[PDB]
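Student: Sequence and experimental coordinates follow.
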Amino acid sequence: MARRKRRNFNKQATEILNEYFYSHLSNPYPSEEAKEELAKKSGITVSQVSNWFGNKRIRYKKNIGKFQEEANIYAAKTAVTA
DNA sequence: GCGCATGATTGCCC
DNA sequence: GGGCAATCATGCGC
């Protein structure tokens, strides 16, 4: 296993969490039902979501314009699965 | 054969 | 307290 790096949020959680993340940027933290739906949808646990999300904003500040266009990309696909 | 891609561990933060 | 914030090992691939 080792210390850490990824392993947790699989490719499923990432696609899911980001899409929703780009909706609460100004609030880089899910909600009770959010961490529930997310964690259910993704395959993680509530607390992990708040963990994942927090990191998304950070990485954002690194390549702003990269996340902007993405934000629109993933945004339009928010009506997918629930 | 070492490193390049990605989040997790850790601490700060005004 | 919650959220934000680098820095690194971990993975997987180059």
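Tutor: Structure's in. What do you need? Numbers count the residues shown, from 1 in each chain, chains lettered A, B, ... in the order given.

Student: all helices for chain A, in order.
Tutor: Remark: helices assigned in chain A by DSSP state H are A:11-21, A:32-42, A:46-62, A:64-76.

Student: so which of those helices is the most packed in?
Tutor: helix A:11-21 (a mean of 19; mean count of other Cβ atoms under 10 Å). Where you see a C-beta, it was placed from the backbone N, CA and C, and this is true even at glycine.

Student: Count the neighbours of the residue in chain A that DNA strand B sits nearest to for me.
Tutor: Going by Cβ to the nearest atom of the strand, DNA strand B is nearest to residue A:4 of chain A, at 2.8 Å. Number of residues near residue A:4 (other Cβ atoms under 10 Å) recorded here: 7.

Student: how far away is it from residue A:41?
Tutor: Distance from residue A:4 to residue A:41, counting by Cβ to Cβ, to the nearest Å: 23 Å.

Student: what's the spacing between the residue of chain A closest to DNA strand B and residue A:51?
Tutor: The gap separating residue A:4 from residue A:51 is 11 Å, by Cβ to Cβ.

Student: Could you find the closest non-adjacent residue to the residue positioned nearest the centre of chain A?
Tutor: Compute the mean C-alpha point of chain A, and by Cα atoms, centre = their mean the closest residue is residue A:17, 2.7 Å away. Closest residue to residue A:17 apart from its sequence neighbours, by Cβ to Cβ, 6 or more residues apart in numbering: residue A:52 at 5.2 Å.
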